[PDB]
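# Descriptive analysis of the structure
Below, each chain spelled out in residue letters.
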Amino acid sequence: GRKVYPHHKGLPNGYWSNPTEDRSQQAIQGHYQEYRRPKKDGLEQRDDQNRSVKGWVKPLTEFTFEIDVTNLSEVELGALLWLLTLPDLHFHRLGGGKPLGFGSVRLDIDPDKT
RNA sequence: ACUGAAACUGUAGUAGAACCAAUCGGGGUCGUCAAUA
């Protein structure tokens, strides 16, 4: 079917904090810092198998955008608004590094602007 | 068995009307590899 990257539920507090620290060789609440390359012999494994990011967009930062739609049926609109009004703790998966846990996002309609 | 003369092919008329250079596409992501003895 369609490949999807399920939301990384239950990541511990501080899992994403201070990411330049190699914590991957140590359990914290049972998680192992999957998003970071491990050290090898104490030096960073920057090679052609992975990439580096100079930064990322922090958790809890907010974006607004608009969707303009034309001639949607109620079924087509219902599917869209269903995706835009999912129950709590349902998250979309956006951008790169999704299998590392990056890019889980909360989408909800702003009704006053709709 | 005495050359006619003299007379601007000019005058008026917009190569133009209409037509979206555009449609679709997350800068993304995980299992080996190799063939003999």
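Residues numbered from 1 in each chain as written, not as in the entry; some residues may be left out. Chains lettered and ligands numbered in written order. Part of a larger assembly, values for the part shown. Heavy atoms only, no water.

Moving on, we get to the environment of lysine 98. Tracing the chain through its elements places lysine 98 in the loop between β3 (92–93) and β4 (104–105). Once residues lying within four places of it in the same chain are set aside, the contact partners of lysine 98 are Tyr5, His8 and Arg93. (Helix = DSSP H or I, 4+ residues; strand = E, 2+ residues; numbered from the N terminus. Contact = heavy atoms within 4.5 Å.)

Our next topic: a negative patch on the surface. A surface patch of like charges, here negative, comprises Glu62, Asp108, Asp110 and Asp112. Along the chain, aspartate 110 falls in the segment after β4. (Patch = residues over 30% accessible without salt bridge, like charges linked within 9 Å, V, L, I, M, F, W, Y side chains within 5 Å. Areas by Shrake-Rupley, 256 points an atom, 1.4 Å probe, with all protein chains shown as cover. Salt bridge = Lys/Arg side-chain N within 4 Å of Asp/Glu carboxyl O. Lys, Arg positive; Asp, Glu negative; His and termini not counted. Charge placed at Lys NZ, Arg CZ, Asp CG, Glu CD.)

Once that is clear, we can look at the protein's contact with RNA strand B. The environment of RNA strand B is formed by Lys3, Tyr5, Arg51, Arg93, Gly95, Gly96, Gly97, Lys98 and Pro99. Between RNA strand B and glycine 96, the relevant distance is 3.3 Å, taken from a phosphate oxygen to a main-chain nitrogen or oxygen of the residue. Between RNA strand B and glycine 97 there is a distance of 2.6 Å, counted from a phosphate oxygen to a backbone nitrogen or oxygen. The class makeup of the residues in the surface near RNA strand B is two nonpolar, three polar and four charged. (Near = heavy atom within 4 Å. Polar contact = N/O pair within 3.5 Å; in protein donor to acceptor, adjacent residues only side chain to side chain. Nonpolar A, V, L, I, M, F, W, Y, C, P; charged D, E, K, R; others polar.)

This paragraph deals with the side chain of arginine 23. Assignment of secondary structure puts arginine 23 in the segment before β1 (39–40). Since its relative accessible area comes to 18%, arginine 23 is described here as buried. Reaching out from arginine 23, the side chain makes a polar contact with the side chain of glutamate 21 at a distance of 3.0 Å. (Buried < 20%, exposed > 50% of the residue type's maximum accessible area, 1.4 Å probe, protein only.)

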